[PDB]
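K.L.:
Below you'll find the structure I mean.
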Amino acid sequence: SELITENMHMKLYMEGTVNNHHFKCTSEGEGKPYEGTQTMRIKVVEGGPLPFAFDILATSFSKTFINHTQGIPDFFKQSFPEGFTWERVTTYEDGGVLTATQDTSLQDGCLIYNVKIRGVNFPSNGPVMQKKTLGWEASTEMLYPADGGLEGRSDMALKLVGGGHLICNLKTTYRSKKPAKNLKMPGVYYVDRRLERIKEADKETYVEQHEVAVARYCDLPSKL
């Protein structure tokens, strides 16, 4: 009866194109969904080595592995067995735009992700296309219910060679494949996360990536 257990395995398939460079990746990983932790081992299977920074793909590689505290209704875990989808636009402040759409299903006890990526207008001499990035700062997503699904918003900061940062803003739409009558919706809430590259090999043809994510309400005193 409980479909999301203490330990879960994932398989992912990704395809897309950034500034007209086509690529595919696959990954395998494991996580602890109630701890909010996960690791993936990713391989670039076509179009490698990537002539752009792997960091721009990092958020496209898993919302079942968020630790929902304070009894926050969990839209993602509640969605099984049917699963859920997400669609996102990421807008870089230097004009790069990356759109991604994802399906999450559960098949034979394994989480299955299918991701499609389209990135356009990354500046040809910018840090993404010149591979001058160094991973992501920790970030906070705000989630709120809208039209029977959830919307998500975050700003994220990309570390740069030299010590600067390039900021991007994410708008995400989350939709459940389970009927609305069988789901308990959350109110507005927040997810804090770290997204970390653990190691890479051969010009990021092999990447190991890790996330920790925890969901919470705003715990500051209200006067309302």
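Letters A, B, ... mark the chains of the structure tokens in the order given; residue numbers begin at 1 per chain; ligand numbers begin at 1, in order shown.
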Can you pull out every residue within 8 Å of range 127-137 of chain A, counting only C-alpha atoms, but drop anything in the same chain fewer than 5 positions away, and send it as a ChimeraX atom specification?

P.N.:
/A:51-53,55-56,122,156-161,194-197

K.L.:
Using only C-alpha atoms, please write the residues we just selected to a file, as a compact mmCIF listing (two decimals), in the first residue's frame.

P.N.:
```
# COMPACT_ATOMS: atom_id res chain seq x y z
CA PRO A 51 30.07 22.46 -25.30
CA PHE A 52 28.15 24.32 -22.56
CA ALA A 53 28.11 24.23 -18.77
CA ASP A 55 25.22 23.21 -14.44
CA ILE A 56 22.36 24.44 -16.62
CA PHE A 122 22.78 31.71 -24.09
CA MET A 156 19.14 30.67 -8.15
CA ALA A 157 22.71 31.77 -8.17
CA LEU A 158 25.32 30.21 -10.45
CA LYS A 159 28.91 30.52 -9.19
CA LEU A 160 31.40 31.75 -11.78
CA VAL A 161 35.16 31.34 -12.35
CA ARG A 194 21.33 22.28 -1.92
CA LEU A 195 22.27 20.95 -5.35
CA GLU A 196 25.82 19.65 -5.44
CA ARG A 197 28.17 18.19 -8.03
```

K.L.:
Excluding residue 148 in chain A and residues on its chain fewer than 3 positions from it, collect all residues at most 12 Å away from it, counting only C-alpha atoms, and give them as a ChimeraX atom specification.

P.N.:
/A:75,144-145,151,173-186

K.L.:
List the neighbours of range 84-100 of chain A out to 8 Å using only C-alpha atoms; skip same-chain residues closer than 4 positions along the sequence, and give me the result as an MDAnalysis selection string.

P.N.:
chainID A and resid 18 60 76 79:80 104:105 115:123 126 166:178

K.L.:
Tell me, as a compact mmCIF listing (two decimals) with N, CA, C and O atoms, in the first residue's frame, which residues lie within 12 Å of residue 107 in chain A, counting only C-alpha atoms; anything in the same chain fewer than 4 positions away does not count.

P.N.:
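Final file, around37.txt:
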```
# COMPACT_ATOMS: atom_id res chain seq x y z
N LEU A 3 3.69 3.25 -1.46
CA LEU A 3 4.41 3.11 -2.71
C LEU A 3 5.78 3.78 -2.70
O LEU A 3 6.68 3.36 -3.42
N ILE A 4 5.92 4.80 -1.87
CA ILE A 4 7.18 5.52 -1.71
C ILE A 4 7.77 5.05 -0.39
O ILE A 4 7.25 5.35 0.67
N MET A 8 14.45 4.53 -2.35
CA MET A 8 13.88 4.42 -3.72
C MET A 8 14.99 4.55 -4.77
O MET A 8 15.98 5.26 -4.55
N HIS A 9 14.85 3.83 -5.88
CA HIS A 9 15.78 3.88 -7.01
C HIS A 9 15.14 4.72 -8.10
O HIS A 9 13.92 4.84 -8.14
N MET A 10 15.97 5.36 -8.94
CA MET A 10 15.46 6.20 -10.04
C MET A 10 16.21 5.86 -11.31
O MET A 10 17.41 5.56 -11.27
N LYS A 11 15.50 5.96 -12.44
CA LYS A 11 16.13 5.95 -13.77
C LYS A 11 15.61 7.12 -14.53
O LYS A 11 14.43 7.43 -14.49
N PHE A 80 1.33 9.23 -6.39
CA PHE A 80 1.54 7.85 -6.82
C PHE A 80 0.30 6.99 -6.46
O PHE A 80 -0.39 7.31 -5.50
N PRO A 81 0.01 5.94 -7.26
CA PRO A 81 0.83 5.38 -8.33
C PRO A 81 0.85 6.17 -9.65
O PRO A 81 1.73 5.89 -10.49
N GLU A 82 -0.10 7.10 -9.87
CA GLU A 82 -0.20 7.75 -11.18
C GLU A 82 1.04 8.56 -11.53
O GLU A 82 1.47 8.57 -12.68
N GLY A 83 1.61 9.25 -10.53
CA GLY A 83 2.80 10.13 -10.74
C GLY A 83 2.38 11.55 -11.02
O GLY A 83 1.25 11.98 -10.74
N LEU A 111 11.36 4.64 -9.76
CA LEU A 111 10.95 5.93 -10.28
C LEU A 111 11.56 6.13 -11.66
O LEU A 111 12.74 5.86 -11.87
N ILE A 112 10.73 6.58 -12.58
CA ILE A 112 11.13 6.79 -13.97
C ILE A 112 10.89 8.23 -14.37
O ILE A 112 9.76 8.73 -14.32
N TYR A 113 11.97 8.90 -14.74
CA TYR A 113 11.91 10.29 -15.20
C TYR A 113 12.19 10.40 -16.70
O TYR A 113 13.18 9.86 -17.20
```

K.L.:
Check range 7-212 of chain A with DSSP on the backbone and list each residue it calls alpha helix (DSSP H), as JSON, numbers by chain.

P.N.:
{"A": [75, 76, 77, 78]}

K.L.:
Need the shell around range 29-38 of chain A: protein/DNA/RNA residues with any atom at most 7 Å away, counting only C-alpha atoms. Skip same-chain ones fewer than 6 positions apart. Format as a PyMOL selection string?

P.N.:
chain A and resi 6-11+64-67+210-214

K.L.:
Can you spit out the residues from that selection as a PDB file, in the first residue's frame, using C-alpha atoms?

P.N.:
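Output contents, as saved in out.pdb:
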```pdb
ATOM      1  CA  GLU A   6      12.404   4.598   2.841  1.00  0.00           C
ATOM      2  CA  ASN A   7      14.796   3.809  -0.025  1.00  0.00           C
ATOM      3  CA  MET A   8      13.882   4.420  -3.723  1.00  0.00           C
ATOM      4  CA  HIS A   9      15.784   3.880  -7.010  1.00  0.00           C
ATOM      5  CA  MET A  10      15.461   6.203 -10.040  1.00  0.00           C
ATOM      6  CA  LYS A  11      16.129   5.945 -13.765  1.00  0.00           C
ATOM      7  CA  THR A  64       9.588  12.884  -4.638  1.00  0.00           C
ATOM      8  CA  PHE A  65      12.800  13.267  -2.571  1.00  0.00           C
ATOM      9  CA  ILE A  66      11.842  16.311  -0.497  1.00  0.00           C
ATOM     10  CA  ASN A  67      11.505  15.980   3.267  1.00  0.00           C
ATOM     11  CA  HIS A 210      23.485  15.160  -5.068  1.00  0.00           C
ATOM     12  CA  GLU A 211      20.526  17.014  -3.561  1.00  0.00           C
ATOM     13  CA  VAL A 212      19.263  17.600  -0.069  1.00  0.00           C
ATOM     14  CA  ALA A 213      15.837  19.225   0.113  1.00  0.00           C
ATOM     15  CA  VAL A 214      13.578  20.105   3.080  1.00  0.00           C
TER      16      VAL A 214
END
```

K.L.:
Rounded to one decimal in Å, what is the spacing between CA of residue 198 in chain A and CA of residue 58 in chain A?

P.N.:
12.1 Å

K.L.:
Which distance in Å separates CA of residue 43 in chain A and CA of residue 68 in chain A, to one decimal?

P.N.:
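Here the two named atoms are 29.7 Å from each other.
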
K.L.:
If we count only C-alpha atoms, what is near residue 141 in chain A at a cut-off of 8 Å, once residues fewer than 4 positions away on the same chain are taken out, given as a list in words?

P.N.:
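After dropping sequence-adjacent residues, the list is residues 152, 153, 154, 155, 190, 191 and 192 of chain A.
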
K.L.:
Where in range 54-220 of chain A does DSSP assign strand (DSSP E or B), given as a PyMOL selection string?

P.N.:
chain A and resi 67-68+84-92+97-107+110-120+133-136+139-146+149-160+165-176+189-201+206-216

K.L.:
Find the spatial neighbours of residue 41 in chain A, counting only C-alpha atoms, within a cut-off of 7 Å - ignore same-chain residues fewer than 3 positions away - and output them as a ChimeraX atom specification.

P.N.:
/A:27-29,207-209

K.L.:
Please report the interatomic distance between CA of residue 206 in chain A and CA of residue 110 in chain A in Å with one decimal.

P.N.:
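Pair CA of residue 206 in chain A / CA of residue 110 in chain A returns 21.8 Å.
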